[PDB]
Amino acid sequence: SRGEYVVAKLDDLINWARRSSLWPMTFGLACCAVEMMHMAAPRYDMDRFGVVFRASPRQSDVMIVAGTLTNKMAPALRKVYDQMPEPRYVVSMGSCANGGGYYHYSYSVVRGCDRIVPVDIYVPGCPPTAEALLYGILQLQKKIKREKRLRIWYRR
Amino acid sequence: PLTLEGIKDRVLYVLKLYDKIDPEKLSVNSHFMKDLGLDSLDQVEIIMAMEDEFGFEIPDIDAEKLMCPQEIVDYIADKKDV
Amino acid sequence: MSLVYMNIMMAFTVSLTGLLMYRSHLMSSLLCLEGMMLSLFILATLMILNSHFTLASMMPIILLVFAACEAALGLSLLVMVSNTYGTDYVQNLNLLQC
Amino acid sequence: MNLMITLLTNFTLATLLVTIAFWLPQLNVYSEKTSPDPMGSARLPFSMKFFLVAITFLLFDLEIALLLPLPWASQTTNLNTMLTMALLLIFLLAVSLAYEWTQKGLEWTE
Amino acid sequence: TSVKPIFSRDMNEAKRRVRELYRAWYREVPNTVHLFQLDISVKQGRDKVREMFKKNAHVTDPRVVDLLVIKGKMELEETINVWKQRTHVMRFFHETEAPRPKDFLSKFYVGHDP
Ligand code: SF4
């Protein structure tokens with residue numbers, strides 16, 4: 001029709017603007033923060049993708065849980081997640097944030113950050129290389145690209 | 001705090017505000033443990049209600065010796081002029 | 001007399017009535033006092049520019065500077081009051097009844 | 001006249017951008033969110049040093065207000081008096097600064 | 001049979017420390033309900049403090065109740081000084097947990113455990 005075409009082009013516009021301007025709030029929990037720092041370092045360089053370095057949590061677009069989520073800090077994780085404006089996204093980086101990892105059977109470790117926050121991209125590795133974290137960021141951008149917000153709005 | 005009568009009426013009003021004490025059996029010389037059926041923690045929150053009402057601190061080695069409202073009003077009379 | 005001068009005098013008397021009926025705060029008193037100073041600046045300026053009286057054009061600036069320094073003094077007094085009571089309430093300033 | 005039109009156009013563009021910045025994402029039906037920082041329920045303690053630097057700004061700003069007609073006062077015929085009073089005002093600003101120095105007024109925000 | 005004490009020489013000073021700890025928790029429940037903006041009442045929090053004191057009431061050892069008063073003062077210090085969050089205070093109120101079956105027959109119906 002006509003309105004289907006209009007909402008499809010405006011979906012393309014807002015999806016382009018959101019995926020090409022992702023601002024991350026990186027939780028520097030553990031060793032995966034070092035490899036996020038290498039993903040911001042000149043060789044891999046997140047900033048040329050529109051992915052800025054260390055955005056503040058009250059304007060950031062994607063939360064990167066990089067490291068081990070323990071039981072003492074899981075309420076702080078959910079608090080910073082609740083303080084993020086929508087559309088917020090969660091990238092889980094590394095094995096301890098994915099499922100508990102090397103500390104899975106520990107008394108003090110949250111077995112996966114997806115027990116706390118809704119997680120969009122699971123980045124595997126211990127740590128995943130910065131190239132692989134960048135692969136997860138680009139896969140998140142392709143997930144944002146195929147969103148259908150105004151199409152489902154026009155169809156509901 | 002002026003007369004013993006105002007202090008006695010205010011002691012009985014505090015102990016009838018408290019829900020677990022039955023106000024029918026509540027008298028002036030009623031014992032807390034064997035008569036009113038109160039735990040020791042009940043007696044201690046009674047003493048803290050007395051501190052909230054009368055406006056001063058009651059120590060520990062003399063709140064253990066407050067087992068009836070008569071000794072409470074006699075203690076407040078001893079710690080005031082009346 | 002004239003019209004716009006009557007308006008600036010009306011503003012001066014309105015900020016005077018606000019300066020003579022205290023509600024809660026000392027900062028409200030200082031604000032009404034400086035609204036009075038503002039209206040004095042405006043009315044002096046319109047008179048001095050109206051008559052083309054040249055040497056008095058430095059007068060409103062003088063009328064500003066001193067009185068702004070005066071306001072600074074008032075602010076410092078408020079601060080010392082707010083360092084004793086925690087608020088700038090005028091009802092905390094009643095110890096001199098006796 | 002042109003100045004008032006320009007101020008009105010700048011104010012209209014400012015209010016229009018603020019109104020677009022508030023009403024355009026409120027088209028979204030995103031989520032009504034709940035559960036409301038370095039203090040949780042602490043009051044504000046006053047700091048004397050911030051008030052001292054504010055009043056120091058105000059007093060030196062008054063001294064600057066006196067110093068402002070100097071590019072016009074350079075054109076006068078009594079240049080000896082004008083030079084003496086210009087140097088006297090800047091010297092009194094410097095004496096106010098030295099008194100702010102030596103009485104520890106410029107400390108912990110020096 | 002002769003041991004070194006911690007703070008109390010007998011159960012008199014031990015019950016004194018228990019009693020003053022209960023006094024401090026009773027004074028701290030309304031502030032805890034206020035500043036943590038909890039969804040409980042003050043009477044409900046005092047019922048929980050009563051339950052936490054009557055849970056350990058059967059202890060006849062003065063050193064054990066000395067350490068229980070010490071750990072209660074640590075819980076009190078984490079509550080007064082705002083070190084606990086809202087979650088750490090609501091963990092005493094087992095709200096998301098379903099109530100466990102207490103009789104024999106429903107425990108028989110649901111599983112293998114006594
Ligand atoms: S997944 Fe492994 S390497 Fe990565 S932060 Fe965790 S412990 Fe460190």
# chains A, B, ... in the order shown; residues from 1 in each chain; ligands from 1
call {"tool": "residues_around", "arguments": {"residues": "residue 81 of chain C", "least_positions_apart": "4", "cutoff": "12 Å", "atoms": "only C-alpha atoms", "output": "VMD selection string"}}
result
(chain C and resid 25 to 27 74 to 77 85 to 94) or (chain D and resid 46)
call {"tool": "closest_atom_pairs", "arguments": {"of": "chain A", "to": "ligand 1", "cutoff": "10 Å", "atoms": "only C-alpha atoms and all ligand atoms", "output": "tab-separated table"}}
result
residue	atom	partner	partner_atom_place_in_ligand_line	distance
A:28	CA	ligand 1	5 (S)	8.9
A:29	CA	ligand 1	5 (S)	7.0
A:30	CA	ligand 1	5 (S)	4.4
A:31	CA	ligand 1	5 (S)	3.9
A:32	CA	ligand 1	5 (S)	4.0
A:33	CA	ligand 1	5 (S)	7.0
A:34	CA	ligand 1	5 (S)	8.5
A:35	CA	ligand 1	4 (Fe)	8.7
A:65	CA	ligand 1	5 (S)	9.3
A:66	CA	ligand 1	5 (S)	6.1
A:67	CA	ligand 1	5 (S)	3.6
A:68	CA	ligand 1	6 (Fe)	5.1
A:69	CA	ligand 1	6 (Fe)	8.7
A:92	CA	ligand 1	1 (S)	9.7
A:93	CA	ligand 1	1 (S)	7.0
A:94	CA	ligand 1	1 (S)	3.7
A:95	CA	ligand 1	1 (S)	3.7
A:96	CA	ligand 1	1 (S)	4.4
A:97	CA	ligand 1	1 (S)	6.5
A:98	CA	ligand 1	1 (S)	7.7
A:99	CA	ligand 1	1 (S)	9.0
A:100	CA	ligand 1	1 (S)	7.8
A:101	CA	ligand 1	1 (S)	5.9
A:102	CA	ligand 1	7 (S)	6.4
A:103	CA	ligand 1	7 (S)	7.6
A:123	CA	ligand 1	1 (S)	9.5
A:124	CA	ligand 1	1 (S)	7.9
A:125	CA	ligand 1	1 (S)	6.3
A:126	CA	ligand 1	3 (S)	4.0
A:127	CA	ligand 1	4 (Fe)	3.9
A:128	CA	ligand 1	4 (Fe)	7.1
A:129	CA	ligand 1	4 (Fe)	9.7
call {"tool": "write_last_selection", "arguments": {"atoms": "N, CA and C atoms", "output": "CSV table (one decimal), in the first residue's frame"}}
result
chain,number,residue,atom,x,y,z
A,28,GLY,N,32.8,-2.5,33.7
A,28,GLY,CA,34.1,-3.0,33.8
A,28,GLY,C,34.2,-3.9,35.0
A,29,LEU,N,33.6,-5.1,34.9
A,29,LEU,CA,33.6,-6.1,36.0
A,29,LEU,C,34.9,-6.8,36.3
A,30,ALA,N,35.4,-7.4,35.2
A,30,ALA,CA,36.6,-8.3,35.3
A,30,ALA,C,37.4,-8.2,34.1
A,31,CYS,N,38.1,-9.3,33.7
A,31,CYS,CA,39.1,-9.4,32.7
A,31,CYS,C,38.6,-9.0,31.3
A,32,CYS,N,37.3,-9.2,31.1
A,32,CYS,CA,36.6,-8.8,29.8
A,32,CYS,C,36.6,-7.3,29.6
A,33,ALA,N,36.8,-6.5,30.7
A,33,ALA,CA,36.9,-5.0,30.5
A,33,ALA,C,38.2,-4.7,29.8
A,34,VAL,N,39.3,-5.5,30.0
A,34,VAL,CA,40.5,-5.3,29.3
A,34,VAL,C,40.4,-5.5,27.8
A,35,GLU,N,39.6,-6.5,27.5
A,35,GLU,CA,39.4,-6.8,26.1
A,35,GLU,C,38.4,-5.8,25.4
A,65,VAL,N,27.9,-6.1,29.6
A,65,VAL,CA,28.2,-6.8,30.9
A,65,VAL,C,29.5,-7.6,30.6
A,66,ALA,N,30.6,-7.0,31.0
A,66,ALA,CA,31.9,-7.5,30.6
A,66,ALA,C,32.6,-7.9,31.9
A,67,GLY,N,32.4,-9.2,32.3
A,67,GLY,CA,33.1,-9.7,33.5
A,67,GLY,C,32.2,-10.5,34.3
A,68,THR,N,32.6,-10.8,35.5
A,68,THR,CA,31.9,-11.7,36.4
A,68,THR,C,30.9,-10.9,37.2
A,69,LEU,N,29.6,-11.4,37.1
A,69,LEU,CA,28.6,-10.8,37.9
A,69,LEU,C,28.5,-11.6,39.2
A,92,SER,N,26.1,-9.5,26.5
A,92,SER,CA,26.8,-10.3,27.6
A,92,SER,C,28.1,-10.7,27.0
A,93,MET,N,29.2,-10.3,27.6
A,93,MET,CA,30.6,-10.6,27.1
A,93,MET,C,31.2,-11.6,28.1
A,94,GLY,N,31.7,-12.7,27.5
A,94,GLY,CA,32.5,-13.6,28.3
A,94,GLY,C,31.6,-14.7,29.0
A,95,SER,N,32.3,-15.7,29.5
A,95,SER,CA,31.7,-16.9,30.0
A,95,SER,C,31.0,-16.6,31.4
A,96,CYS,N,31.6,-15.8,32.2
A,96,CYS,CA,31.0,-15.5,33.5
A,96,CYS,C,29.7,-14.7,33.4
A,97,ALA,N,29.7,-13.8,32.4
A,97,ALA,CA,28.4,-13.0,32.2
A,97,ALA,C,27.4,-13.9,31.4
A,98,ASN,N,27.9,-14.8,30.6
A,98,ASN,CA,27.0,-15.6,29.9
A,98,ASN,C,26.3,-16.7,30.8
A,99,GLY,N,27.1,-17.5,31.5
A,99,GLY,CA,26.5,-18.5,32.3
A,99,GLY,C,27.1,-18.8,33.6
A,100,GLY,N,28.1,-18.0,34.0
A,100,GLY,CA,28.8,-18.2,35.2
A,100,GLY,C,30.3,-18.6,35.0
A,101,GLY,N,30.6,-19.3,33.9
A,101,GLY,CA,31.9,-19.6,33.5
A,101,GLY,C,32.7,-20.4,34.3
A,102,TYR,N,33.9,-19.9,34.8
A,102,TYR,CA,34.8,-20.6,35.6
A,102,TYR,C,34.5,-20.6,37.1
A,103,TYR,N,33.5,-19.8,37.4
A,103,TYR,CA,33.0,-19.6,38.7
A,103,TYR,C,31.5,-19.9,38.8
A,123,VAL,N,28.1,-13.1,23.9
A,123,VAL,CA,29.5,-13.1,23.2
A,123,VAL,C,30.3,-14.2,24.0
A,124,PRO,N,30.6,-15.3,23.3
A,124,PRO,CA,31.4,-16.3,24.0
A,124,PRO,C,32.9,-16.2,23.9
A,125,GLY,N,33.5,-16.7,24.9
A,125,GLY,CA,35.0,-16.7,25.0
A,125,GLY,C,35.4,-16.4,26.5
A,126,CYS,N,36.6,-16.7,26.8
A,126,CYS,CA,37.2,-16.4,28.1
A,126,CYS,C,38.6,-15.8,28.0
A,127,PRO,N,38.7,-14.5,27.7
A,127,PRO,CA,37.7,-13.6,27.3
A,127,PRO,C,37.5,-13.8,25.8
A,128,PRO,N,36.4,-13.4,25.2
A,128,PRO,CA,36.3,-13.3,23.8
A,128,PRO,C,37.3,-12.2,23.3
A,129,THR,N,37.9,-12.5,22.2
A,129,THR,CA,38.9,-11.5,21.6
A,129,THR,C,38.1,-10.2,21.3
call {"tool": "select_by_dssp", "arguments": {"residues": "chain B", "states": "alpha helix (DSSP H)", "output": "mmCIF file with N, CA and C atoms, in the first residue's frame"}}
result
data_model
loop_
_atom_site.group_PDB
_atom_site.id
_atom_site.type_symbol
_atom_site.label_atom_id
_atom_site.label_comp_id
_atom_site.auth_asym_id
_atom_site.auth_seq_id
_atom_site.Cartn_x
_atom_site.Cartn_y
_atom_site.Cartn_z
ATOM 1 N N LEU B 4 1.696 12.165 90.936
ATOM 2 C CA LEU B 4 1.739 10.716 90.767
ATOM 3 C C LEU B 4 0.521 10.212 90.004
ATOM 4 N N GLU B 5 -0.600 10.936 90.076
ATOM 5 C CA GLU B 5 -1.819 10.500 89.403
ATOM 6 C C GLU B 5 -1.697 10.624 87.890
ATOM 7 N N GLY B 6 -1.101 11.714 87.405
ATOM 8 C CA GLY B 6 -0.897 11.859 85.972
ATOM 9 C C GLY B 6 0.067 10.830 85.416
ATOM 10 N N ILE B 7 1.112 10.508 86.182
ATOM 11 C CA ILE B 7 2.076 9.495 85.770
ATOM 12 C C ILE B 7 1.435 8.112 85.773
ATOM 13 N N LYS B 8 0.591 7.823 86.769
ATOM 14 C CA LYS B 8 -0.079 6.525 86.838
ATOM 15 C C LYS B 8 -1.093 6.368 85.711
ATOM 16 N N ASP B 9 -1.848 7.433 85.419
ATOM 17 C CA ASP B 9 -2.808 7.396 84.321
ATOM 18 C C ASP B 9 -2.100 7.249 82.983
ATOM 19 N N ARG B 10 -0.921 7.856 82.850
ATOM 20 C CA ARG B 10 -0.187 7.769 81.599
ATOM 21 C C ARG B 10 0.494 6.407 81.430
ATOM 22 N N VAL B 11 0.920 5.780 82.535
ATOM 23 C CA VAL B 11 1.411 4.400 82.500
ATOM 24 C C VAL B 11 0.305 3.445 82.059
ATOM 25 N N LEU B 12 -0.886 3.586 82.650
ATOM 26 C CA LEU B 12 -1.986 2.706 82.268
ATOM 27 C C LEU B 12 -2.476 2.985 80.849
ATOM 28 N N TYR B 13 -2.357 4.228 80.379
ATOM 29 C CA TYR B 13 -2.728 4.523 78.999
ATOM 30 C C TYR B 13 -1.735 3.922 78.009
ATOM 31 N N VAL B 14 -0.437 3.967 78.332
ATOM 32 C CA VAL B 14 0.570 3.302 77.505
ATOM 33 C C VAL B 14 0.325 1.799 77.457
ATOM 34 N N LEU B 15 0.036 1.189 78.605
ATOM 35 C CA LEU B 15 -0.160 -0.255 78.611
ATOM 36 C C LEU B 15 -1.520 -0.688 78.077
ATOM 37 N N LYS B 16 -2.475 0.227 77.919
ATOM 38 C CA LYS B 16 -3.674 -0.134 77.174
ATOM 39 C C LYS B 16 -3.562 0.199 75.691
ATOM 40 N N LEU B 17 -2.579 1.014 75.291
ATOM 41 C CA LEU B 17 -2.274 1.139 73.866
ATOM 42 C C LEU B 17 -1.660 -0.139 73.304
ATOM 43 N N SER B 40 9.666 -11.780 77.413
ATOM 44 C CA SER B 40 10.587 -10.754 77.888
ATOM 45 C C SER B 40 10.761 -9.643 76.865
ATOM 46 N N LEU B 41 10.733 -9.981 75.571
ATOM 47 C CA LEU B 41 10.795 -8.961 74.530
ATOM 48 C C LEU B 41 9.568 -8.059 74.559
ATOM 49 N N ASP B 42 8.412 -8.610 74.948
ATOM 50 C CA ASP B 42 7.221 -7.797 75.168
ATOM 51 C C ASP B 42 7.438 -6.800 76.298
ATOM 52 N N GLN B 43 8.075 -7.240 77.386
ATOM 53 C CA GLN B 43 8.377 -6.344 78.497
ATOM 54 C C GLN B 43 9.373 -5.266 78.086
ATOM 55 N N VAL B 44 10.305 -5.598 77.197
ATOM 56 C CA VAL B 44 11.306 -4.623 76.783
ATOM 57 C C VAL B 44 10.714 -3.596 75.818
ATOM 58 N N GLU B 45 9.816 -4.014 74.923
ATOM 59 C CA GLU B 45 9.140 -3.010 74.105
ATOM 60 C C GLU B 45 8.104 -2.218 74.901
ATOM 61 N N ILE B 46 7.620 -2.758 76.025
ATOM 62 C CA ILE B 46 6.868 -1.953 76.990
ATOM 63 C C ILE B 46 7.746 -0.851 77.575
ATOM 64 N N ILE B 47 8.974 -1.199 77.986
ATOM 65 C CA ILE B 47 9.898 -0.201 78.539
ATOM 66 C C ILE B 47 10.274 0.843 77.487
ATOM 67 N N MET B 48 10.387 0.436 76.224
ATOM 68 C CA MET B 48 10.670 1.415 75.177
ATOM 69 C C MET B 48 9.454 2.270 74.832
ATOM 70 N N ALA B 49 8.240 1.742 75.000
ATOM 71 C CA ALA B 49 7.058 2.596 74.907
ATOM 72 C C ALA B 49 7.023 3.606 76.049
ATOM 73 N N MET B 50 7.472 3.192 77.239
ATOM 74 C CA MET B 50 7.593 4.115 78.366
ATOM 75 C C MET B 50 8.647 5.184 78.102
ATOM 76 N N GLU B 51 9.725 4.823 77.405
ATOM 77 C CA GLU B 51 10.730 5.817 77.041
ATOM 78 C C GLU B 51 10.205 6.773 75.979
ATOM 79 N N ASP B 52 9.412 6.259 75.033
ATOM 80 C CA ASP B 52 8.782 7.119 74.035
ATOM 81 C C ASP B 52 7.775 8.069 74.665
ATOM 82 N N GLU B 53 7.103 7.642 75.734
ATOM 83 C CA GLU B 53 6.067 8.484 76.321
ATOM 84 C C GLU B 53 6.635 9.479 77.327
ATOM 85 N N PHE B 54 7.438 9.007 78.279
ATOM 86 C CA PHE B 54 7.902 9.862 79.364
ATOM 87 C C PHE B 54 9.118 10.700 78.996
ATOM 88 N N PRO B 69 3.324 -2.394 86.585
ATOM 89 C CA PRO B 69 3.152 -0.938 86.432
ATOM 90 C C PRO B 69 3.325 -0.154 87.718
ATOM 91 N N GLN B 70 3.153 -0.789 88.881
ATOM 92 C CA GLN B 70 3.397 -0.093 90.138
ATOM 93 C C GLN B 70 4.881 0.184 90.340
ATOM 94 N N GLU B 71 5.751 -0.773 90.006
ATOM 95 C CA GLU B 71 7.178 -0.480 90.080
ATOM 96 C C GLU B 71 7.613 0.481 88.984
ATOM 97 N N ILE B 72 6.901 0.512 87.853
ATOM 98 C CA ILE B 72 7.192 1.499 86.814
ATOM 99 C C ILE B 72 6.876 2.907 87.308
ATOM 100 N N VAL B 73 5.690 3.100 87.896
ATOM 101 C CA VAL B 73 5.318 4.436 88.357
ATOM 102 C C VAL B 73 6.123 4.825 89.598
ATOM 103 N N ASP B 74 6.539 3.846 90.412
ATOM 104 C CA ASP B 74 7.433 4.140 91.525
ATOM 105 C C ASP B 74 8.838 4.487 91.050
ATOM 106 N N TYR B 75 9.296 3.879 89.950
ATOM 107 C CA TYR B 75 10.604 4.220 89.405
ATOM 108 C C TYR B 75 10.599 5.612 88.792
ATOM 109 N N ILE B 76 9.538 5.952 88.054
ATOM 110 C CA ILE B 76 9.451 7.282 87.457
ATOM 111 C C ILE B 76 9.262 8.337 88.544
ATOM 112 N N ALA B 77 8.581 7.983 89.640
ATOM 113 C CA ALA B 77 8.507 8.875 90.790
ATOM 114 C C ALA B 77 9.869 9.043 91.455
ATOM 115 N N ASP B 78 10.661 7.968 91.518
ATOM 116 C CA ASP B 78 12.011 8.070 92.067
ATOM 117 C C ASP B 78 12.929 8.893 91.173
#
call {"tool": "residues_around", "arguments": {"residues": "residue 60 of chain C", "least_positions_apart": "6", "cutoff": "7 Å", "atoms": "only C-alpha atoms", "output": "VMD selection string"}}
result
chain C and resid 41 44 to 45
call {"tool": "write_last_selection", "arguments": {"atoms": "C-alpha atoms", "output": "compact mmCIF listing (two decimals), in the first residue's frame"}}
result
# COMPACT_ATOMS: atom_id res chain seq x y z
CA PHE C 41 17.55 52.17 38.98
CA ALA C 44 16.47 57.26 38.00
CA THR C 45 17.63 56.18 34.54
call {"tool": "interface_residues", "arguments": {"of": "chain D", "to": "chain E", "cutoff": "10 Å", "atoms": "only C-alpha atoms", "output": "count of residues only"}}
result
6
call {"tool": "interface_residues", "arguments": {"of": "chain C", "to": "chain D", "cutoff": "10 Å", "atoms": "only C-alpha atoms", "output": "list in words"}}
result
residues 58, 61, 62, 64, 65, 66, 68, 69, 71, 72, 73, 75, 76, 79, 80, 82, 83 and 86 of chain C
call {"tool": "write_last_selection", "arguments": {"atoms": "C-alpha atoms", "output": "tab-separated table (two decimals), in the first residue's frame"}}
result
chain	number	residue	atom	x	y	z
C	58	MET	CA	27.06	57.84	36.12
C	61	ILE	CA	25.69	52.86	38.08
C	62	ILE	CA	26.71	54.31	41.45
C	64	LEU	CA	23.77	50.01	41.32
C	65	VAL	CA	27.24	49.37	42.71
C	66	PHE	CA	26.84	50.40	46.38
C	68	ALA	CA	24.64	45.59	44.98
C	69	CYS	CA	27.45	45.58	47.53
C	71	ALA	CA	22.90	43.04	48.75
C	72	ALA	CA	26.13	41.08	49.14
C	73	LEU	CA	26.20	42.09	52.79
C	75	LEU	CA	23.37	37.60	51.59
C	76	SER	CA	26.22	37.05	54.01
C	79	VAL	CA	24.19	32.69	55.36
C	80	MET	CA	25.22	33.10	58.99
C	82	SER	CA	21.42	29.58	57.83
C	83	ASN	CA	24.59	28.33	59.51
C	86	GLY	CA	19.80	25.24	58.97
call {"tool": "interface_residues", "arguments": {"of": "chain E", "to": "chain A", "cutoff": "10 Å", "atoms": "only C-alpha atoms", "output": "number ranges by chain"}}
result
E: 84-88
call {"tool": "write_last_selection", "arguments": {"atoms": "N, CA, C and O atoms", "output": "PDB file, in the first residue's frame"}}
result
ATOM      1  N   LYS E  84      23.413  -2.135  53.064  1.00  0.00           N
ATOM      2  CA  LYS E  84      22.384  -2.940  52.436  1.00  0.00           C
ATOM      3  C   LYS E  84      21.591  -2.094  51.449  1.00  0.00           C
ATOM      4  O   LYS E  84      21.419  -0.888  51.628  1.00  0.00           O
ATOM      5  N   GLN E  85      21.116  -2.730  50.390  1.00  0.00           N
ATOM      6  CA  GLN E  85      20.131  -2.109  49.524  1.00  0.00           C
ATOM      7  C   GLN E  85      18.735  -2.550  49.952  1.00  0.00           C
ATOM      8  O   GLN E  85      18.547  -3.138  51.020  1.00  0.00           O
ATOM      9  N   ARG E  86      17.740  -2.223  49.126  1.00  0.00           N
ATOM     10  CA  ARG E  86      16.369  -2.647  49.391  1.00  0.00           C
ATOM     11  C   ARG E  86      16.240  -4.161  49.326  1.00  0.00           C
ATOM     12  O   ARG E  86      15.483  -4.757  50.105  1.00  0.00           O
ATOM     13  N   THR E  87      16.999  -4.792  48.431  1.00  0.00           N
ATOM     14  CA  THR E  87      16.958  -6.239  48.284  1.00  0.00           C
ATOM     15  C   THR E  87      17.506  -6.953  49.514  1.00  0.00           C
ATOM     16  O   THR E  87      16.930  -7.950  49.955  1.00  0.00           O
ATOM     17  N   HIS E  88      18.573  -6.425  50.120  1.00  0.00           N
ATOM     18  CA  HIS E  88      19.177  -7.076  51.277  1.00  0.00           C
ATOM     19  C   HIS E  88      18.293  -6.981  52.509  1.00  0.00           C
ATOM     20  O   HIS E  88      18.421  -7.799  53.425  1.00  0.00           O
TER      21      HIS E  88
END
call {"tool": "select_by_dssp", "arguments": {"residues": "segment 32-112 of chain A", "states": "strand (DSSP E or B)", "output": "VMD selection string"}}
result
chain A and resid 62 to 66 70 89 to 93 109
call {"tool": "write_last_selection", "arguments": {"atoms": "C-alpha atoms", "output": "CSV table (one decimal), in the first residue's frame"}}
result
chain,number,residue,atom,x,y,z
A,62,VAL,CA,23.6,-0.7,25.0
A,63,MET,CA,24.9,-2.2,28.3
A,64,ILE,CA,27.9,-4.4,27.9
A,65,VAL,CA,28.2,-6.8,30.9
A,66,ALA,CA,31.9,-7.5,30.6
A,70,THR,CA,28.7,-11.6,41.6
A,89,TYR,CA,20.1,-3.5,24.8
A,90,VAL,CA,22.3,-5.9,26.7
A,91,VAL,CA,25.4,-7.5,25.3
A,92,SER,CA,26.8,-10.3,27.6
A,93,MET,CA,30.6,-10.6,27.1
A,109,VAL,CA,28.4,-15.8,41.5
call {"tool": "closest_atom_pairs", "arguments": {"of": "chain E", "to": "chain B", "cutoff": "10 Å", "atoms": "only C-alpha atoms", "output": "Markdown table"}}
result
| residue | atom | partner | partner_atom | distance |
| --- | --- | --- | --- | --- |
| E:16 | CA | B:60 | CA | 7.1 |
| E:17 | CA | B:60 | CA | 9.5 |
| E:18 | CA | B:41 | CA | 9.9 |
| E:19 | CA | B:44 | CA | 7.5 |
| E:20 | CA | B:60 | CA | 7.6 |
| E:22 | CA | B:41 | CA | 7.8 |
| E:23 | CA | B:44 | CA | 7.4 |
| E:26 | CA | B:45 | CA | 7.7 |
| E:27 | CA | B:48 | CA | 8.7 |
| E:50 | CA | B:41 | CA | 7.8 |
| E:53 | CA | B:41 | CA | 8.9 |
| E:54 | CA | B:41 | CA | 9.3 |
call {"tool": "decode", "arguments": {"residues": "segment 3-14 of chain A", "atoms": "N, CA, C and O atoms", "output": "CSV table (one decimal), in the first residue's frame"}}
result
chain,number,residue,atom,x,y,z
A,3,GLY,N,0.8,3.5,3.2
A,3,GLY,CA,1.2,3.6,4.6
A,3,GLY,C,2.1,2.5,5.0
A,3,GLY,O,3.0,2.8,5.9
A,4,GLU,N,2.0,1.3,4.4
A,4,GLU,CA,3.0,0.3,4.7
A,4,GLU,C,4.4,0.7,4.2
A,4,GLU,O,5.4,0.4,4.8
A,5,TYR,N,4.4,1.3,3.0
A,5,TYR,CA,5.7,1.8,2.5
A,5,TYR,C,6.3,2.9,3.3
A,5,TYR,O,7.5,3.0,3.6
A,6,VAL,N,5.4,3.8,3.8
A,6,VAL,CA,5.9,4.9,4.7
A,6,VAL,C,6.4,4.4,6.0
A,6,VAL,O,7.5,4.8,6.4
A,7,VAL,N,5.7,3.5,6.6
A,7,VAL,CA,6.2,3.0,7.9
A,7,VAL,C,7.4,2.1,7.7
A,7,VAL,O,8.3,2.0,8.6
A,8,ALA,N,7.6,1.4,6.5
A,8,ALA,CA,8.8,0.7,6.2
A,8,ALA,C,10.0,1.6,6.1
A,8,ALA,O,11.1,1.3,6.6
A,9,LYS,N,9.8,2.7,5.3
A,9,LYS,CA,10.9,3.6,5.2
A,9,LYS,C,11.3,4.3,6.5
A,9,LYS,O,12.5,4.5,6.7
A,10,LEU,N,10.3,4.6,7.3
A,10,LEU,CA,10.6,5.3,8.6
A,10,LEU,C,11.2,4.3,9.6
A,10,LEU,O,12.0,4.7,10.4
A,11,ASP,N,10.8,3.0,9.5
A,11,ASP,CA,11.5,1.9,10.2
A,11,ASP,C,13.0,1.8,9.8
A,11,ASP,O,13.8,1.7,10.6
A,12,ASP,N,13.2,1.9,8.5
A,12,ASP,CA,14.6,1.9,8.0
A,12,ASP,C,15.4,3.1,8.5
A,12,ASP,O,16.5,2.9,8.9
A,13,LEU,N,14.8,4.2,8.6
A,13,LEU,CA,15.4,5.5,9.1
A,13,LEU,C,15.8,5.3,10.5
A,13,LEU,O,16.9,5.6,10.9
A,14,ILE,N,14.8,5.0,11.4
A,14,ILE,CA,15.1,4.9,12.8
A,14,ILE,C,15.9,3.8,13.2
A,14,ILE,O,16.8,3.9,14.1
